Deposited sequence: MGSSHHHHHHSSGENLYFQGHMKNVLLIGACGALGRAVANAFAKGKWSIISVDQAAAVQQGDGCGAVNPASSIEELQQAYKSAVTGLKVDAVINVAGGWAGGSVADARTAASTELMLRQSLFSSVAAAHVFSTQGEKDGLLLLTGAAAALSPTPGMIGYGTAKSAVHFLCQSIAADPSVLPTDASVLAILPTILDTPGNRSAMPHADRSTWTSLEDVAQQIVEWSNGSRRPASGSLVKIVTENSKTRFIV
């Protein structure tokens, strides 16, 4: 007659960035419980070791199982091996994208629900060498490899778990608007389309094969998610 459901829980990493806020709004409209580890904003020190991140992540979800672990953290910096500042900017992109993803994988493995989702954020541009974006290309290339490697042994993920990486080309962010203010935005992906796709996968449906690198391709302002 009455059957009591259960709240779904998402561990959200990177909630403070443009895509992070769009993703938090989509989970909230979707009536998920959100644990925003990076919030209440800069809540976890970026100088954290991988071990310290996985401690802060385990601590934020104690006595919960998580149906999704969504990592959308990461900024962008340019630079070639010529610039002295490439060292500092690449260490930052490695910490925001790769350190966070390794820690997120361990919490997913130990606290994750059956049919759960781990979602990592790559970059379509990191499918090719990136001479002018050394740090960013190297960090996101590593995320892509980490996603394929996690997927390749399902015995250490929850049963019917999926790991996916999203590979955006260009996102329609305030930063992109002010950087390129007279460009055509017909290929810029809406943050809301990405966030709604992430919620749909997190609710269980339309997932490509675990380990997929899902390119986000926008043409004439319509988006497809392509493996």
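Residues of the deposited sequence lacking C-alpha coordinates, counted from 1, fall in the stretches 1 to 15, 56 to 63.
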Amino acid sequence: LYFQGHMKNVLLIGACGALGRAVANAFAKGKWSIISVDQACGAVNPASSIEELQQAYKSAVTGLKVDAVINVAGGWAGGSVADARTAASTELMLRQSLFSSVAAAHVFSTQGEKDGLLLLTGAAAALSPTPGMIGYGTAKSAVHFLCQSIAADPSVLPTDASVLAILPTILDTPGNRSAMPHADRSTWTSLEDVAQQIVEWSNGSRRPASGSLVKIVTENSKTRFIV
From here on, numbers count along this sequence of modelled residues.
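Stretch comparison (140 to 148 versus 111 to 119) by mean CA B-factor in the PDB entry places 111 to 119 on top. Of the two stretches examined, 58 to 66 and 28 to 36, the record assigns the greater average C-alpha temperature factor to 58 to 66. In the deposited coordinates, the residue among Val163, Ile166, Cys41, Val199 with the greatest CA B-factor is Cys41.
Across the residues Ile170, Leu53, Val194, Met180, the deposited record lists the maximum Cα B factor for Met180. Per the PDB record, residue ranking by Cα B-factor puts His106 in the middle third of the chain. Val156: CA B factor lies in the highest third for its chain, per the PDB record. In the deposited entry, the Cα temperature factor of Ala125 places it in the middle third of its chain's modelled residues. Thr189 sits in the lowest third of its chain by CA B factor, as recorded in the PDB entry. For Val81, the recorded CA temperature factor ranks within the middle third of the chain's modelled residues.
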